[PDB]
Every structure is written in C-alpha cells, then in structure tokens.
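Just below is one structure, and these are the notes that go with it.
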Amino acid sequence: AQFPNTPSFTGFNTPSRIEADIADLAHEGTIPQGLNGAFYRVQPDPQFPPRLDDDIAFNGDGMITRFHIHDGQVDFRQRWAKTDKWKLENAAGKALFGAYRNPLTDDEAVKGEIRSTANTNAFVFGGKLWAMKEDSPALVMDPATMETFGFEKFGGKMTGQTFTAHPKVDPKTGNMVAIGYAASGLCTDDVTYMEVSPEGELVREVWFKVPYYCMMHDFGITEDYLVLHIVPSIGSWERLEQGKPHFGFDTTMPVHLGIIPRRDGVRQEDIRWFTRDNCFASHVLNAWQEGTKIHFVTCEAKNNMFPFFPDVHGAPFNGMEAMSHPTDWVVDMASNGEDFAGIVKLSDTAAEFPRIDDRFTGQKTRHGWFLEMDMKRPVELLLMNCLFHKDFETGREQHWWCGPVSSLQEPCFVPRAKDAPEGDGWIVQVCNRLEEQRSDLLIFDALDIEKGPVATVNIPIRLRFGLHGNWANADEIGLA
Ligand SMILES: COc1cc(C=O)ccc1O
Ligand SMILES: [Fe+3]
C-alpha cells in the first residue's frame with residue numbers, strides 16, 4: 001500500500017506491520033538467570049494508510065511485542081491486536097475508521113462499531129493479555145499464543161462504553177482497578193469506577209460525573225480511594241465538527257483532583273473535589289494515604305505536552321513549558337474547602353513515563369523510575385535520552401544516558417523474587433538505536449542503573465514508538 005509522505009509515516013515513523021518470532025536474540029553482557037517471564041509492550045503501527053491525508057501517532061493500530069526472558073535468553077514474538085477495527089479493515093482491504101477519536105470521519109459502513117486500536121497498553125491480568133485503549137472496552141488476548149479473543153464486555157455486565165488503558169492492581173485484594181470516561185458516549189461527563197477480581201469478574205461499576213469532559217488518561221489508587229486528576233486537555237463534538245483534533249489544551253481552566261471512595265454504593269456526594277490553578281499532568285507515578293493526607297505524585301508541566309492536541313486559543317506549542325517534573329499533589333481530607341495542601345516539586349530532572357515497583361501500588365513508595373529529558377546532553381540526530389531513578393528516601397538521583405544517537409522507551413520494573421524488598425530487581429526497557437535503524441532491549445539492576453545495563457539484547461527489527469508495557473512471571477502467562 002502507498003502511505004502518506006508526512007512526518008507521521010516516515011523516518012522513525014515508517015510503517016512496520018511485522019508479525020514475527022525470533023528465538024534467543026543476540027546479546028552483549030549477561031541476561032540474569034533469575035528472570036523467568038515476559039515483558040509485553042505495544043506500538044501503534046497502522047495496518048493501512050489513513051482515510052485522511054495524515055494521522056497522528058496515537059492513532060495507529062496496536063501491535064503487541066513480547067520479550068520472553070528465561071534461562072538466560074530472550075525470545076521475541078510480535079502479533080497484531082486484532083480489534084474489531086483491525087478485522088473490519090483487513091476484510092475490506094482499506095481504512096474504514098478515520099481521525100483520532102472522530103467518528104464524523106469514519107466510513108458509514110462502520111457506524112456504531114468499536115473504534116479501538118488497542119494501542120496504549122499491553123497489560124497482564126487474570127491469565128489474559130489486555131490490549132487497551134481508553135475509548136473502548138479492552139481487547140483480551142492469550143498471553144502465550146498471543147491470539148486475540150475479543151473485547152472484554154464482562155459478558156454484557158459492563159454498562160459503560162469504555163475502559164481505561166492505565167489499570168492499577170490493588171495489592172491487598174488483587175483486584176484490577178479501572179475507570180472508563182466518556183462512559184455514555186463521546187465527550188460526555190460520565191465516568192465509571194470499576195474493579196475486576198483476579199478471576200476476571202466485574203465486581204463493581206459505579207457511575208459518577210466529573211467537572212468537565214477531558215482526557216482522563218491516568219489516575220491513582222490508595223488503600224481506600226481512587227484519585228482522579230481533571231486536567232483541561234478538553235474535547236467536544238464542536239471541535240470534531242470544526243475539523244479540529246479531538247483534544248486541545250485550555251490554559252484558562254482550573255485543574256481538579258477527585259477523591260472517590262473504593263467501596264460499593266458510592267454516590268456522587270461521597271466524592272470530594274480539590275481545585276488548583278491550571279497546569280498539565282498526564283501520568284501518575286503512584287498515590288498513597290498518610291494520616292489525613294493523600295499524596296498524588298504526577299509528572300507536572302506548566303503547559304500542554306501534546307503538540308498534536310494544540311492550545312485551544314491558537315497559541316504555538318511552547319516546548320519549554322512542556323517540561324514535566326515529578327511533583328507531589330497533596331490534599332487533606334480533614335481540611336475544609338477545595339485548596340490543595342501542597343504542590344511539591346520532587347526533582348529538577350525533567351521526567352515522564354513514571355514507574356514504581358507495582359507490588360506497592362497505593363502504598364508509599366521509596367523508589368521511582370522515569371524517562372528523562374536531559375537537554376544538556378549532546379544530540380547527533382521532547383527527547384527522552386536518559387533512564388532516571390529517584391530514591392525518595394535519600395534523595396539520591398541516578399541517570400543513565402543512552403548516548404547521542406539513541407532514545408528510550410518506557411521502563412518496567414521486574415522484582416527479583418515475590419518476597420524481595422521494594423525495588424530489588426531489574427529494569428527492562430526498549431532503546432531506539434536511531435542512527436542504526438534498530439532496537440535494543442536493555443536490562444538494568446534497578447537500584448544501580450548508573451553503571452549501565454547488565455545486558456544489551458539486540459533486536460534485528462526496528463521497533464516503533466511505544467506506549468505502556470508490563471512484566472509477568474511465566475506462571476502467570478502460561479509459559480512456566
Ligand atoms: C496511544 O494512544 C494514546 C496515548 C495517550 C498518552 O500517552 C493518550 C491517549 C491515547 O489515545
Ligand atoms: Fe499513558
């Protein structure tokens with residue numbers, strides 16, 4: 001097929017569309033024997049040229065990559081997430097769905113069909129692989145064969161239209177905790193709060209409303225709460241009619257933080273809202289309670305981080321104000337009123353794609369890992385050029401730079417053992433070797449990243465820009 005000659009489909013964004021298997025990837029260093037499981041990640045990767053003249057990265061069909069690490073080797077498997085969209089377009093031999101989150105640009109033949117590209121997260125839970133996209137139910141897949149089952153509607157018990165791509169697992173119960181925004185239709189202010197049992201049952205679905213419709217991409221959990229930030233990357237049917245990108249950022253609107261009790265029967269009046277001045281924040285490191293306080297650690301920037309979802313008043317993109325920093329939003333459930341108790345910048349390092357040791361989700365975490373944008377580094381080819389580790393107890397920061405002709409994808413923490421202390425284990429992440437037109441899988445000792453990866457695993461396929469990824473042990477994915 002003939003693709004557009006635009007930035008979104010050329011250079012590093014050239015279509016790939018590869019399904020493949022490789023056993024025992026070539027490598028340098030020592031692949032830890034203690035690793036026995038798989039790292040899953042997803043790349044948007046268009047099956048077909050777009051209906052319109054161009055498209056954005058976030059709109060490519062989900063392609064799932066798995067690195068099966070066992071016995072000191074890494075195996076590679078890559079398969080399409082076969083969404084209803086993928087299936088319909090494959091049968092038709094052409095694109096049928098149009099622009100990002102814009103049904104007004106779809107072929108009439110797919111009116112009412114689920115638009116998901118399943119391209120934002122590759123998550124393992126309850127014996128299934130979840131290929132996730134926040135405008136639709138999640139797509140479920142076999143974690144071992146990587147065949148596709150279909151969309152998870154919980155047998156029809158789910159009443160909302162959508163399911164998050166940023167699920168959290170409650171370590172106390174083992175439940176998956178989820179939201180679904182635009183729950184009653186596009187651009188609506190309805191949201192569902194959901195929990196899924198380890199057995200796969202939808203055990204709670206609570207409807208509530210938020211102050212305004214916006215991209216509710218991420219959220220936090222604590223022991224007793226779901227913590228939902230409301231940030232004004234807004235959308236509307238009018239934007240779609242005016243031919244605009246679905247979302248745009250409004251610098252004039254306030255930011256809110258909603259505290260939802262994680263219990264049956266929660267009502268709107270049970271939800272508490274705090275309010276602060278405008279800023280941008282997308283990803284959540286973690287959240288926790290401490291006394292009467294809630295700590296909500298996010299990567300906060302002064303202004304919009306999505307150039308493709310532009311300022312609603314026409315301002316050009318401000319790269320400097322797009323620099324995000326780990327920041328603790330502190331609210332006090334024992335205060336009166338809506339003010340935050342604190343907004344505390346936690347590092348001067350510019351950072352995004354925050355990760356923790358997920359075994360400690362919703363508890364106070366000593367450690368965090370991030371992708372860092374070090375604008376002081378040489379570049380010989382915004383730029384994510386360092387892995388960054390913060391020890392929040394000691395304050396110590398570690399940085400590893402991938403060099404001047406590379407960039408990095410989201411890290412993932414892998415525990416050494418089920419009983420290991422927080423952070424005792426490894427970091428895995430994809431590295432884009434931009435000049436060599438190829439990719440590496442890097443494995444680090446998670447509490448000593450600054451010495452560099454202990455293994456560099458060569459991938460003889462150029463991987464595309466990725467979103468979120470996750471590790472599962474072999475006995476959780478049918479590979480033991
Ligand atoms: C890859 O798709 C998306 C990614 C994000 C943020 O990283 C937000 C909405 C999306 O649809
Ligand atoms: Fe995300």
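Just follow the structure's listing: the first ligand is 1, and inside any ligand the first atom is 1. For the single chain, residues carry numbers from 1 onward in sequence order.
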Ligand 1 N/O within reach of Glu134 N/O, cut-off under 3.5 Å |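 There is no such contact.
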Nitrogen or oxygen of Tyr100 less than 3.5 angstrom from that of ligand 1 =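 The answer is yes, given that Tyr100 and ligand 1 share an N or O pair closer than 3.5 Å.
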Check for me whether the distance between the ring centres of [X] and [Y] falls short of 6.0 Å.
{"X": "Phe306", "Y": "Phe317", "result": "no"}
{"X": "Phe353", "Y": "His468", "result": "yes"}
{"X": "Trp369", "Y": "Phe388", "result": "no"}

Please list, in number order, the atoms of ligand 1 under 4.0 Å from a heavy atom of [X].
{"X": "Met215", "result": "8 (C)"}
{"X": "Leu467", "result": "1 (C), 7 (O)"}
{"X": "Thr120", "result": "1 (C), 2 (O), 3 (C)"}

The atom of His283 among N, O or S that is nearest the Fe ion (ligand 2) is NE2
Residue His468 atom name (nearest to the Fe ion (ligand 2); N/O/S) =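 Nearest N/O/S atom of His468: NE2.
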Kindly indicate whether a cation-pi arrangement holds for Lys390 with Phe370, taking the cut-offs as under 6.0 Å to the six-membered ring centre and within 45° of the axis.
-> no
Decide, yes or no, whether a salt bridge links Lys209 with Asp189 under the criterion of side-chain N to carboxylate O below 4.0 Å.
->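 Salt bridge present between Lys209 and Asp189.
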Out of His217, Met305, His468, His283, whose heavy atom is nearest to atom 8 (C) of ligand 1?
-> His217
Relative to the ring of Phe247, is the ring of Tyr100 parallel (under 30°), tilted (30 to 60°) or perpendicular (over 60°)?
-> tilted
